[PDB]
Structures are given as structure tokens and as C-alpha cells.
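Undergrad:
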RNA sequence: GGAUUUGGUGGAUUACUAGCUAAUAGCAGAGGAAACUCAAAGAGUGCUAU
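Structure follows, in C-alpha cells:
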């Protein structure tokens, strides 16, 4: 940001110093300030450390006994 | 599995058993107000005393909090331990905790919530058991000083593994990692339930929606290149918007509108989905601001359509709904403003829709055509249908005038349509 | 302590299932009902610490692990490429002995070996006398050997002269050792007497297992002859002779509350109020037309195709540890453990500092070996 | 005589009972905070014994009964089935029998 | 053509819309051998037999399913107890649901009907436009999940309680060889077996949810467990 | 049914205050305390030494 | 589109006669870095330890 800020500072200054009919508003500084803030935001956003993903392991599966209806109960004699 | 692996599972299950002094130090040391040493120095009742006052301030701000005084923040709750209860008792305890987190979601900026939640952490250990619920409430506060503390005292579930780096870290979670957690398909399913609960309960607030839509949009941008996963994002994310549109809150409706627009541009989709989309968009459209946002959206959803019927007339029921919620004078005002977005094919579908169903509205079509330059095919098709009207409908001063407008502009194409049709 | 009382006369305790018990009880005991699937080095012989805080496990193929089952921490794990048979904790959970092939070994709490007992050979059963700091061994050689851990010295060596030993159990009330023999006899032994104090014929075949209640008043024995007997050891009278066993007995255990546990393969049958002189307290399998006097099983369970290696009641706990071919499982047995423990003697919540303080004072008041007698009330008489 | 309400409140404190909280927890509802077509006659006449086969033995309401008619026999059989397969939510509470749910419907049809 | 067995009764369907009933000589015999009676369904009664199905707790009734509609026959008495209402689309697959009194019916044009037989009325309907059902199966692991197999070779899973599509498995079996000829959940497990005409049998399981709470919402996609197969054409 | 099991309140046996003395439970059932008279003699012998 | 490395699972690594069970039958060398990591100890110190 020091390098980036210095570059924009020169841009703002050369406008401030030499502009024949500069409006006392700082618009060039404001827009330059916006760019460096955008430069900072993306730069600080970067994370050198690796971010681990959720682990997805395939666990062993073994079936379990499940109680089920017997159709023999249906059949009956009158 | 090795003995340690099964043993490790036992350790997780009985994390809150409060077995010995050494474990109890860790459980009690966790805090949201005080540091570890002071936290171990405090007792339950002192914590309850502060929280009870904290709830009262919240009750003044918002009445619904007063209910929890009867069940969670009661004086007799001090003696209630979760480890001793049965499953039937636990779920009822969990459900009450679930509701409290939802209301506390919008007041995290207020100090009293942080004190009030301390009792839940200390008494019921929400941080270890209701770990997912607590985070889902506080995701949008990711940069807030409260959120980093949440990470320090808590064990991340499997789905929140992306945040493991920033636990007990000077820097807060950055903007990018929020996207990474959201890119995971399973988390969207988990959050899908969470936002679903808020919509049912009318607990949603602007910081959530705007945080959601703005995270949800970024998932599209990251995943734009690969079509197949975008296809997997359709059965889930579109379902989100339909629920948001169902919410009476205008806030949710526009939140859905931001979602629909980006999907269509990112991923072209059937006209059937688009026609269904506007119909749901229009079904619960009451607020003025949503009305402005919707009309912009509806144009965009057609802007993405690039198949036969791109400019075909809206269905009869579809046509009726649009005019009721958007008078013709409204769209004229829409067509007047100079910074209007491209809506040439939507209006073209509309002009034909008027042509088929309304005889009175023809003279507005003239004004509609003047306001917006229609592309020459859109002109050709409009010419095509109007030829049928003359043969079927009685000749009218407006009807011939609509022809005369086409006589003035691009005379040759008018003959071409006549040559092909009659 | 707990219980399993019925509302309705139809509703029977033995028909209840562990799933139903797990359903009613709270989460914590549901967690105490650990199950461990170890299919490789079985069968597994289990043993719990005196305070019930630690579990010592020994697979037949040589897998020995010591852990704090309740807190889910592994204290030691041993993978001896040898046949490991039975093991026991010494004065506390820190130090345990393993009856390996051809020798017995002492190990540290991390699992580090301390000594190999050259003198104890072919030992098949292990028991530790806490108040006397004596380790006992028995095996095929018919040699009953007592070793002092504190001094690391062999106290005494007594010749059974009855062949291999199939069962051994200590009497907590007088600390006299009971050994089963192929002639159906149960022999009582003391350090200072080169011949058994008492011999008790309790079977027509080899004595598979022997159990003694905490009070030292009753005894349960199971021979390899379709049989099980209950004895009054103080006065030496037979109380019950359960011959109706569907199968021969493998292991028996008696609880703090007095529950009688019988494992006959994967038979696991529990009886309440069976250790009483009354005839109606005689254990009976099933019921004869709902006869109230008949002592029906209190609880029963099915270990599926998994022969039970040994049974362990969890001290101060309503749980039955069961060692089997595929590993370990605790069954919820309401009203089995002692609800009110005594912390001066045994504390489940013992911290390291008062544990290590407990170590010295027990050493300071170690009872001499020769104090062992049939009657513990012998000290202090005119001679 | 029964205790007074002012006694019950105080006994709540002395003994530290928590049932009242749990009843409130059970009552906690989130929203507040925020005909047979045919008939078979053979069913009525058919009488079946229970005690012959082991599995049917469970169906007994009492030890004395041994033989039961078909109509009651089914009802125990249905109850025996429901224990085997608990009744899900979709079967009982839910039935199919501009509309805002258009998007949900179209997405279901289109894969 | 079709074979159904329940209790002591063996039911066989021939191509001529004739249903033969066999019964056991003895109650304690191991299989039925004796010929009880013959029941034939006429065209007026219904269309061609789709399958023979018997639902639980129905005291000697056979739930005969036809292309035209479903028919109920009491095998013991050999009488048509009930006739289901005519269905617009031909029925292709029938599967008894784990619930009492509902049977899942699959049509030619991607329609699954959970017809309640006791009430004799439709309860629900799932739409699969531009598809042909080949197999149905319910999950009995405690999750209200329905699998619908298609001749296209595509297996879809629905959550009945949530009325949503859990996941789709694409092209598991060749469409040229009939797609998914048969797909059945294992009784009481999260596992499903699948087969087809491509000389292949595949085996899929549903893993536990990765979310500590709301596991019903976060459903893991089914994962390939194992399979056996060979050449799809002569070597 | 009537299902009761032993129930340990962790707070009762492990106090919350790190400085507090742990509750020291006691029962006078003789069965919990074997070797009535030998222990006292050994302590007597220990005292005299 | 190409290349390098790697986690997990599946099938074999012994020749294919069904499951479950309580079964004569029932059932179905010297080192280094990281820590709200896990242990084993030593010393000192603090707090009514009455």
C-alpha cells in the first residue's frame, strides 16, 4: 500500500500543484482514495494460510438386523 | 476401527459430562464477557443475576424476549442440568434455545444480548451442543468483535472447517472465506433450513438478507465457468427465492429479486421457469419498492431468454397478472426514463400480449413503440400479428394508425410482412 | 440405588430389553453403555479398577489396553505378540499385571514394563489383595503363589496337589483365596498355612467359575456338570443347588447389591434376592405358571453368536461389563452397583493428588500377610 | 387436607422441583413467541387361536384369552405392524387430495 | 407371468389373465403344493395383469394390479372384493408401501401414485415428465425416501415428508438394455440394490448426514458401495 | 416401568468454584470397610514405631 | 488441454454349499518449529485450611 499510495499521491499532488483552475474539492484525491482502498481490500482479503475443507470420509458400513412383518399372520382359516 | 478412534467418539459424546475438576475448569472457563481466569472464579448465580437484568433490557427493546424469562431465564433454571435430562426433555430445551438465538440474531450489536447469551453458554453449554445454531445466527457479524470470540470458545462442526484457521487469530474472518464456506453444497442445505425457519417466523432482518443475497450472489460468480455445478445450484437456490418471495416482508422479496437476476445471466434457463418466476414474483408483490425492483427484474429474466418464443406473447393468465400489478401508465413512465435498461423483448412479448387479448389497449401500443426502439425482428413480428388483426378485427382509427406508424418507419419491411402474409 | 419395579402383574422384568432401558434412562448412562467391536484379538478378558474408574482389557491373541472408559482416554495400549490371558490392576489404575504365556509381567501406566516375574509360571488367573498389597497367581502347575508388590518379594508358595486350577476368586471379607479343582473341590488358602484352610466339594466335575459376594457371606459356583450351587461360606452349608441350567456354566459374579449373574456361553441371566437362606430364593429359569415363590430371572440378554469370556460388574455402577469374542459391552442393570460409596476407601472422582496421597497411607497400614485367617476377628485374644 | 397454592410455591423452592419448568418447556411452541370402501364378511366370522405359534403370543391383551375373532385379530396385527414400521409424516398429515408455489412445482417436474 | 406368495398361498399369473391359487397341504408344511382354486379376471373386470401384490394385514386378499386399474380378490373365497377406479395412464410398476393401506403405482408416462386402497382414493402423485417408471422401492431405515427407477437408466430419490428431490443418479444402467430393471432398498438399512439388462448389479448406500442438526435437510448423496458385472455383449 | 438408576450430579461431587472443597461422601455400612480389627492394630503398631 | 503428488473407499492377496442363535432345535546420532494437545513428575507460592 505504501507503493500504491505514493503513486496516487503523486497523481493527486501534480493536480494540486500545477492545475491552473483547480476546484477546491479534492475530487481527484477522493477517487484516488477509492482505488487504493479497493487495492487494500483485495490485498488484505488474501489469506496465505490454507483453509481446510470439510473432511469427507467413507466409513465402513455393516448392515444391522431389522425387525419386519410376517405375512404368515395374514393367512387364516374360518 | 482402532480402539483410540472408538474411544475418541466416546470423548466427544461425553464432552459436557463435567467429569472431574480438570474438565470442569475448561467447561466453566468458556465465556463471552470475562476472561478465563475470572470466568473460572465466577459461579452460576452471579452469571444468572447479570443475565436476568440483561433480558429485562432486551424485553424493553423487544417484548418477545420476556417469554424466555418463564422457561430459560427463570430462577429455578439454575438447578437444571442438561446431562441429567432425557432425550424428550432435551429436544424441548433445544427448541427453546433455537428460538432464543433467532431473536438474539438482530440485537448482537446491543451489549445486553451478549450478557444474556452468557447464561445460555454457561448454564446449558450452547457452544458445544448447539454449535451450528449459534454460528448460523452470527455469520453476518463475521467482522464483529463478538464473532471472533465465538470461534475461540467453540469447536467448529465439520461443515465450518474453513474457519479453523482464524480460531484464536488476530485477524477476523476475511470476506473471501465467507464465499468458500458458502460454495460447499451441504452448507447451503444447512443454511437453507436456517433461513427457512426465519421466514416462517418473520424474524429475518436486513443485515441477514443483504448478507445472504450478497454471499449467495458470489457463489454464482465463483462457479460461473463450470455449468454442471451451476445446474446443481438450481434445485436449491431457486427454492430459496420462492420462499423469500412468499414472505410478506418487502425486504425478502427484493432480496429474492437480486438472486433471480444473477442466475439467469449466469445460466440461461427455460422460459417455463421464467414464466413461473414472474408469476411468483407478481403473486405477493405489494410494496412500492419491490414493485420498482420487480419490473426491472422481470425485464432481465426475459433478457436472458434466447430461444424460440423469446418475444412470444405472455400467456393469458400471465398477461392479466402483469397489468393488474403494473398499469400501462406505469410502464410508460418506465419507458420514459432515459436510463431504462434493455427490455425490447419483454415489451415485444407485451405488445403481442396486448394484441391478442385487449382491443382497447391498441393505441397505447403506438406510444409504447415510439418510446422504445424495437429491434427489427421485434418490429417484424409486431407487424406480422397486426396484419392478422386487420383481417379478423374491424378496422380502427388506431389500428390503421399503428399501420401508419409502420408506414412512416421502415416502409419496405411493412411490404415484406404484407408480401409474406397476404 | 435403582430398581426395575413393575406396574402390572403381567409386565415382567426379564422381558425388558436393553434398547428399552436405554430409551428410558438419560443420556449419561446411555453413554456409559459403551460397546467395543474388537474382532481380531478375541476373546477379551475385562477387568475394572477397584473404584470403577478404569478398564483393563486383554485380548487372547495379545492385545492389552488400559483406558479411562468414562472419560474416553487411553492410558496404555500393548500389542504383545503373545497369548495374553488375564490381567488385573494393582493398588491403583497406574500399575497392572498381565498373565501372558509362560510368565506374568508388571507394566506402567503408559504401558512400560517394570518387571518380569520369573517365579510365576503358567499362571492362568490373577487377583490382587488391596489392603495387603499381595498379588496371587494360579495355573496348570498347581502352584499358588503370593507376591508382595511393595517389596517385590515372593511371600509364599503353596502346592495345591489337586492339578490345574480352573477358577480363582478372593473373599473381600477375610481375603482367603478360593481355588477350583478337577475333582469338584473348592480349596481355601492363606499365605501362612501350607495346606488349604478348607476344601469344598461343589460339583461332580471341574469347577469352571467361582464368585463371592461383597459381604463374604455367600458364594456361587459353577462346575462343568450342568450345575450351579449357592453356598454359605461362614457356616459352610449348601443353600441352593440349581441343576436346571439349560447349559454348563462359564462365569459367575455377585454384585454390591447382591445380584447373581450367570453366563453360560452367551446366556446372560440375572437374579435378584437369590442370595438368601430361604428356599423360595432358589434361582429358577422361567416360571412355573407364574408361581410367585419361584425366583424368576431378574434380567436376561443375548450376545449374538459371541461366547462370553468373563463378566464384570462395574463398581459403584448399574452396569455389567461383558467380555466376549468381538470385544466388550456394558449392559444397563438397574439397582446393581452401590449408590453410596465411601470416599476414604475408594473414590470414583479421585484426583491425582489425593490418589497419590492414598498410595502412601495404604502402604503405611499394609496388613501383614500372616494376619490372613479364616476368621478375620482373630486378632486380640488371650493365649 | 391438600396444600395451599402459597404452600406449593414455597415447596417448589425448598425441594427445588423442576417439573413446572419442564411443563413450560413442553408447552413451548415456536409460533406463539414469533371409511372403508368395501367390507369382507369372512373377517367377522373367522376365529383364530393365538397360543399355537410363538410370534402370535405377543398379541394377547390378557393371559386368559386364547381365541379371538378376525376383526379384533386384525387390529392387534395392525398395531403389531405399526411398531415394526412407525407411521411416517407424509401418509397421515399430508395429502394432495397466480399461485405462488409455481416455481416449486415446475422445478420438481424438470430435471 | 407373475408370481406372488404370502403366508400359505402361492399365486401365479398366466398370460391369459388367469390367476391360479395353490395352498399348503398342511399348516406346518414348508411350502405350498396343493391346488386351492383358479381365479380368472375378465376384460370387463380389468386389463392385463401388471403384477400380483399382497399387502400386510389382509386375511387372504390378493391386491391384483392391472394396466387398467387395481383389483382386490379374496383368494380363500375367490371373489372380487373391490375394484379400483380406472386410471388414465397404463400401470407399469406396483410396490406395497411400508405404510398400511397404500401401494405405490408407476405408470408409463412418469407418474407415481400412492393409491390408498383402504380409502380407495388417491393420496399423492409425483410427476416425472418424459420418463417411464421401471421400479419402485421405499426406504425402511426410518427415512421417508422413495426411489423411482426409469427405463432411461436413471434413479431418482424423493423425500415424501419434504416433497423434494434428494438426488438423481444418472445413467447407472444402459437405456439400450432397459435401464433400471429393478431397484430395491434393503429392509431396514440405508442401502439400495440396483440391476439392469447390462449384465451388472450395483450397490449404493446413503451415508449419515454431515450436519449435527437438521440432518434430514442435509442428506448425503448416495455413494457406490460395490458391484458385480461382466460383458454387455457376447465375448 | 419403574426404571431408576444411580444418578451422580457432577456439580455436587465436583464443585464449580475451583477453590471449593469437594464433597466427601460417606456411608457407615460395614461391608464397605473390610478388615475391622487388623487395620486398627497396624495403625497402633505404626503409632508406636 | 498436459504433467507431478496425494487422501479415502471397492475387489483380490487361501478353493466360491445361505443368514441369526443360547443350536439334536428355535429365530428371522544430534536437532529445529507449532499447542485453548495429551501425559509423567520437581520446586515455590496463594487464598479462614478454624
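Protein chains in written order, with UniProt numbering: chain A, 359 to 436; chain B, 2 to 423; chain C, 71 to 453; chain D, 13 to 46, 122 to 184, 203 to 216; chain E, 119 to 353; chain F, 1 to 49.
Every residue gets a Cβ at the ideal spot worked out from N, C-alpha and C, and that includes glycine.
#1: If we ignore side chains and look at the alpha-carbon of each, how far apart do residue 359(A) and residue 398(A) end up?
#2: Secondary structure at residue 183(C), three-state DSSP: helix, strand or coil?
#3: Nearest to residue 159(C) by CA position, among 258(C), 110(C), 200(C), 399(C), is which residue?
#4: Assign residue 98(B) to one of two classes, buried (16 or more other C-beta atoms within 10 Å of its C-beta) or exposed (fewer than that).
#5: Residue 213(C) by DSSP, collapsed to three states: which one?
#6: Mind checking residue 174(D): buried by the 16 CB within 10 Å criterion, or exposed?
#7: Distance, Cα to Cα, residue 303(B) vs residue 184(E)?
#8: Could you tell me which chain A residues have their CB closer than 9 Å to the CB of residue 142(D), listed as they occur along the chain?
#9: Quick one: using the 10 Å Cβ neighbour count with 16 as the cut-off for buried, is residue 446(C) buried or exposed?
#10: Assign residue 234(E) to one of three DSSP states: helix, strand, or coil.
#11: With distances taken from CA atoms, which of 273(C), 320(C), 340(C), 305(C) is nearest residue 393(C)?
#12: Determine, using beta-carbon pairs with one atom in the region 346-359 of chain B and one in the region 373-384 of chain B, whether at least three such pairs fall under 8 Å.
#13: Quick one: what's got a C-beta closer than 7 Å to residue 325(E)'s C-beta in the same chain, skipping five residues either side?
#14: Of all the CB atoms in chain B, is at least one closer than 8 Å to the CB of residue 215(D)?
#15: Output the boundary residues of the alpha helix (DSSP H) element that contains residue 250(B).
#16: When you check each C-beta in the region 407-420 of chain A against every C-beta of chain D, which residues fall closer than 9 Å?
#17: Whether or not the region 403-416 of chain B and the region 336-347 of chain B are in contact is what I'm after, with contact meaning three or more pairs of Cβ atoms, one per stretch, closer than 8 Å; do they touch?
#18: Tell me the rounded alpha-carbon separation between residue 121(B) and residue 22(F).
#19: Measure from the C-beta of residue 82(D) to each C-beta in chain A and report whether the shortest distance is under 8 Å.
#20: So is residue 18(F) in contact with chain C if we call contact Cβ pairs under 8 Å?
#21: Note down, in chain order, each residue of its chain lying with its Cβ closer than 6 Å to the Cβ of residue 310(C), except the 5 sequence neighbours on either side.
#22: With DSSP as the reference, label residue 159(D) as helix, strand or coil.
#23: Please specify which runs of the alpha helix (DSSP H), each continuous and at least 4 residues long, are wholly inside the region 8-77 of chain B, giving them in chain order.
#24: So, at 8 Å on beta carbons, what are the nonlocal neighbours of residue 373(B) in its own chain, with the 5 sequence-adjacent residues on each side left out?
#25: Starting from the C-beta of residue 165(B), find all residues in its chain whose C-beta is less than 7 Å away, skip the five residues before and the five after it, and write them out in chain order.
#26: What does residue 25(F) reach in chain C if we use C-beta pairs closer than 8 Å?
#27: Are the CB atoms of residue 254(E) and residue 224(E) within a distance shorter than 8 Å?
#28: Okay, do the region 399-411 of chain A and the region 91-108 of chain C touch, 3+ Cβ pairs below 8 Å being the bar?
#29: Of all Cβ atoms in chain F, is any one closer than 8 Å to the Cβ of residue 287(B)?
#30: Just list the beta strand (DSSP E) runs in the region 148-186 of chain E, keeping only unbroken ones of 3 residues or longer that don't cross its boundaries, in chain order.
#31: Consult DSSP for residue 395(B) and reduce its assignment to one of helix, strand or coil.
#32: Give me the DSSP bridge partner(s) of residue 205(E).
#33: Name the two residues that bound the continuous alpha helix (DSSP H) containing residue 415(B).
#34: Please report whether the beta-carbon of residue 16(D) lies at a distance below 8 Å from any beta-carbon of chain A.
#35: Decide yes or no for the touch test of the region 106-124 of chain C against the region 158-178 of chain C: beta carbon pairs closer than 8 Å, at least 3 of them.
#36: Please state whether DSSP places residue 214(E) in a helix, a strand or coil.
TA: With the structure as the only source:
#1: Residue numbering aside, residue 359(A) sits at position 1 when the first chain is read from its first letter. Residue numbering aside, residue 398(A) sits at position 40 when the first chain is read from its first letter. In this model, residue 359(A) and residue 398(A) are separated by some 7 Å (Cα to Cα).
#2: Position 113 of the third chain holds residue 183(C). Strand, per DSSP.
#3: The count along the third chain starts at 1 and reaches residue 159(C) at position 89. Checked all of 258(C), 110(C), 200(C), 399(C); the closest Cα to residue 159(C) is 200(C).
#4: Translated into the one-based positions of the second chain, residue 98(B) becomes position 97. Residue environment analysis places residue 98(B) among the buried positions, since at least 16 neighbouring C-beta atoms fall within 10 angstroms of its C-beta.
#5: Locating residue 213(C) in the third chain gives position 143, counting from the first residue. In the three-state DSSP reduction, residue 213(C) falls in the strand class (E or B).
#6: In the fourth chain, counting from the first residue as 1, residue 174(D) sits at position 87. Counting of Cβ neighbours within 10 angstroms places residue 174(D) among the exposed residues, the total staying below 16.
#7: In the second chain, residue 303(B) corresponds to position 302, counting from 1. In the fifth chain, residue 184(E) corresponds to position 66, counting from 1. Residue 303(B) and residue 184(E): Cα-Cα distance of roughly 46 Å.
#8: Along the fourth chain, read from residue 1 onward, the residue named residue 142(D) stands at position 55. Annotation: Cβ neighbours of residue 142(D) in chain A (cutoff 9 Å, chain order): 428, 430, 431.
#9: As a first step, residue 446(C) is located in the third chain; it is residue number 376 there, counting from the start. Taking every protein chain shown into account, the CB of residue 446(C) has 16 or more other CB atoms within 10 angstroms, so this residue is buried.
#10: Working through the fifth chain from its first residue, we reach residue 234(E) at position 116. In this structure, residue 234(E) counts as strand in the three-state DSSP scheme.
#11: By one-based count along the third chain, residue 393(C) stands at place 323. Nearest to residue 393(C) by alpha-carbon distance, out of 273(C), 320(C), 340(C), 305(C), is 320(C).
#12: Between the region 346-359 of chain B and the region 373-384 of chain B, the count of Cβ pairs shorter than 8 Å is three or higher; the stretches touch.
#13: In the fifth chain, counting from the first residue as 1, residue 325(E) sits at position 207. So the list reads 338, 341, once near-sequence residues are dropped.
#14: If you number the fourth chain from 1, residue 215(D) lands on position 110. True, the Cβ-Cβ gap to chain B drops below 8 Å.
#15: Counted from its first residue, the second chain places residue 250(B) at position 249. Looking at the DSSP string, residue 250(B) is not in any alpha helix (DSSP H), and its letter there is neither H nor E.
#16: Correct list: empty, as no residue qualifies.
#17: Flag = no, the region 336-347 of chain B and the region 403-416 of chain B do not touch.
#18: For the purposes of this step, residue 121(B) is taken as residue 120 along the second chain, with counting starting at 1. For the purposes of this step, residue 22(F) is taken as residue 22 along the sixth chain, with counting starting at 1. The straight-line gap from Cα to Cα measures roughly 25 Å.
#19: Missing here is residue 82(D); chain D as given proceeds from 46 to 122 without the residues in between.
#20: The residue labelled residue 18(F) in the question sits at position 18 within the sixth chain. No, residue 18(F) does not count as interfacial toward chain C.
#21: Taking the first residue of the third chain as 1, we reach residue 310(C) at position 240. So the qualifying residues of the chain are 300, 352.
#22: Within the fourth chain, residue 159(D) is the residue found at index 72, counting from 1. Correct three-state label for residue 159(D): helix.
#23: If we require 4 residues or more, the alpha helix (DSSP H) runs fully inside the region 8-77 of chain B come out as 22-30, 37-42, 45-62, 69-72.
#24: One-based indexing of the second chain puts residue 373(B) at position 372. Here residue 373(B) has 336, 341, 344, 345, 348 as same chain residues with Cβ atoms under 8 Å from its own Cβ, once five neighbours each way along the sequence are excluded.
#25: Translated into the one-based positions of the second chain, residue 165(B) becomes position 164. Shown here for residue 165(B): same chain residues with a beta carbon closer than 7 Å to its own, the five before and five after excluded, namely 157 in chain order.
#26: Against the sixth chain, residue 25(F) aligns to sequence position 25. Near residue 25(F) (Cβ distances below 8 Å), the residues of chain C are 410, 411, 412, 413.
#27: Indexing the fifth chain from 1 puts residue 224(E) at position 106. Indexing the fifth chain from 1 puts residue 254(E) at position 136. Annotated as proximal: residue 224(E) and residue 254(E), with beta-carbon spacing under 8 Å.
#28: With a cut-off of 8 Å, the region 91-108 of chain C and the region 399-411 of chain A do not count as touching, because too few Cβ pairs lie within range.
#29: Walking along the second chain from the start, residue 287(B) turns up at place 286. Closer than 8 Å to the CB of residue 287(B) there is not a single CB belonging to chain F.
#30: Complete beta strand (DSSP E) runs here, min 3: 152-158, 167-171, 179-184.
#31: For the purposes of this step, residue 395(B) is identified with residue 394 of the second chain, where counting begins at 1. Residue 395(B) falls in the coil class under three-state DSSP.
#32: The count along the fifth chain starts at 1 and reaches residue 205(E) at position 87. Residue pairing for residue 205(E): DSSP places it in no beta bridge.
#33: Stepping through the second chain from its first residue, residue 415(B) is reached at position 414. Counting along the chain, the alpha helix (DSSP H) containing residue 415(B) begins and ends at 412-421.
#34: Working through the fourth chain from its first residue, we reach residue 16(D) at position 4. No, residue 16(D) does not count as interfacial toward chain A.
#35: As far as the Cβ criterion goes, the region 106-124 of chain C touches the region 158-178 of chain C, which means the pair count is three or higher.
#36: Locating residue 214(E) in the fifth chain gives position 96, counting from the first residue. Residue 214(E) falls in the strand class under three-state DSSP.
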